[PDB]
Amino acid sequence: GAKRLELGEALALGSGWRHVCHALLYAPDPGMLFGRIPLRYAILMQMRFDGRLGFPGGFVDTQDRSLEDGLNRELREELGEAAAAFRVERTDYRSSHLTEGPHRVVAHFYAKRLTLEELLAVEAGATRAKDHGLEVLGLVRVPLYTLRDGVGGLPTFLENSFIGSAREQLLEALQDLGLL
């Protein structure tokens, strides 16, 4: 599958490798579905222009001074000005992986905790971001519940089309973060 590596090892990779950064923005969600299913946390994901689900983020250009500068830049173009109210940093860094695609790409995954108001703010403004209707087809929340039938909810949500290891990254982040 997707091979992980220490951050430093990834930083040692040659110029032939491209870097992508993606952030897992999650907030405490006290609400409930139908008054009996806890929402637990609100987690945002993007439907990307290629019809796949993934976390907000993108490629790191040589202009960006660092992995984080690039991430926060991409997060602004994808989520709108409401993404400037916070900044993902090295402390939010989670893991690095070499993508299994044909090209040489190392993926750096971040997880940043926001407040329900902050997460709802980026939802309302994403429609006027530079990427809305182009690179980003829309934002969706991740259902962390499983419906009575046993398939509805997260299990079926995991049956959609995802970018790279977004499914495994999502589940690994949910267990690590302990949001389940």
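Residues carry their position along the shown sequence, with the first being 1.
Mean CA temperature factor is higher for 171-179 when stretches 1-9 and 171-179 are set side by side in the entry. Stretch comparison (105-113 versus 87-95) by mean CA B-factor in the PDB entry places 87-95 on top. Comparing C-alpha B-factors across 49, 55, 34, 145 in the deposited entry, the largest value falls on 34. Reading the B-factor column for the CA atoms of 140, 67, 121, 134 in the entry, the top value corresponds to 121. Sort the modelled residues of the chain by CA B factor and residue 44 lands in the lowest third.
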